[PDB]
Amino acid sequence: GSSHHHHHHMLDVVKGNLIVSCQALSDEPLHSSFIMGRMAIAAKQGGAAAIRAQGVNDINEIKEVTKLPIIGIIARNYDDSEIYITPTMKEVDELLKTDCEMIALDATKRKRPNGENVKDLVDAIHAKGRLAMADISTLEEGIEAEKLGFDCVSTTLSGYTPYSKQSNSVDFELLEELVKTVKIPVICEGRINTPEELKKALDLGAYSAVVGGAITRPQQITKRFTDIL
C-alpha cells in the first residue's frame, strides 16, 4: 500500500528536544483522560515536542487536544510475566487502533506473557508503518533491541529491573555506554528531575529525552520539596 507523505517525522521532531510523559494510573490523583489531555496542552505550550502516554483513552484524548506526536504504551500486569510495558500482541493491537506514531514496549531480556516474543511485536508495529521504541534496562538489552530492528531505544527501565543499576537518579552511565555502541537513537528516560540533568543527558549524546513525573506528577514533585524539610 501507499499513503500521503508528511513533512515532519517523529524522530526528527524530537531530536534535541523534550518529550513529556503525561501518565496517571488508576491509583494516582490525576487519573483522568481529560486531565492528561490538559497536562499535555500545558506541556505543548511549554515547548514539548512530543508526548508519551499510557492507555488508549488518554492517547486518543491527547492526540485530539494537542495534535503532537505520541509515544503510546499500555501498562498491564500479567500473572506469568514481570513485564508490564506493552507486554503482548494484545496491547500492540490496541495501540495500533490509536493514531500514535510510536509504540514503546519493554524490550528487556525477560520472558513475556504467553511466552510471546518481542520480535513479533516489533514486526507488527512495523507492518502498520509505526515506529517502535525499546524500553530497556541494560546495555546488552539495548544492543539486542537494535539487532531486533527497533527504531530507537530508551533507558526507561534502568533501575526498574532487578539486574540493572539500582539508583534514585538518572542513569547517565547507561546512556553513555549506549551512545558509543548503538547507531539508532538513544533516548534518556527515567528520573530526570532538573533542567541541568536534561541538559547533561543531551550533552552526553542522548538523541532526545523524556521527563514524566518531574512535570506531570505533582505528588512526586511535592514530595521532593517536602523531603528536604
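Throughout, we count residues from 1 along the sequence that is shown.
S.K.: Per the PDB record, is the mean Cα temperature factor higher over 214-222 or over 201-209?
M.R.: Result: 201-209.
S.K.: Check the entry's C-alpha temperature factors for 67-75 and 110-118, then say which stretch has the higher mean.
M.R.: Comparing averages over the C-alpha atoms only gives 110-118.
S.K.: Could you tell me which one of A48, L178, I192, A53 shows the highest CA temperature factor in the PDB record?
M.R.: Reading the PDB entry, the winner on C-alpha B-factor is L178.
S.K.: Where does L157 sit by CA temperature factor within its chain: lowest, middle or highest third?
M.R.: Its C-alpha B-factor belongs to the lowest third of this chain's values.
S.K.: Among the modelled residues of this chain, does the Cα B factor of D27 put it in the lowest, middle or highest third?
M.R.: Its C-alpha B-factor belongs to the lowest third of this chain's values.
S.K.: Select lowest, middle or highest to describe the third in which the CA B-factor of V182 falls within its chain in this entry.
M.R.: Top third by C-alpha B-factor.
S.K.: Looking at the C-alpha B-factor of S169, is it in the lowest, middle or highest third of its chain?
M.R.: Ranked within chain, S169 CA B lands in the middle tercile.
S.K.: Taking the values exactly as deposited, rank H5 by C-alpha B-factor within its chain and report the matching third: lowest, middle or highest.
M.R.: CA B-factor rank for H5: middle third.
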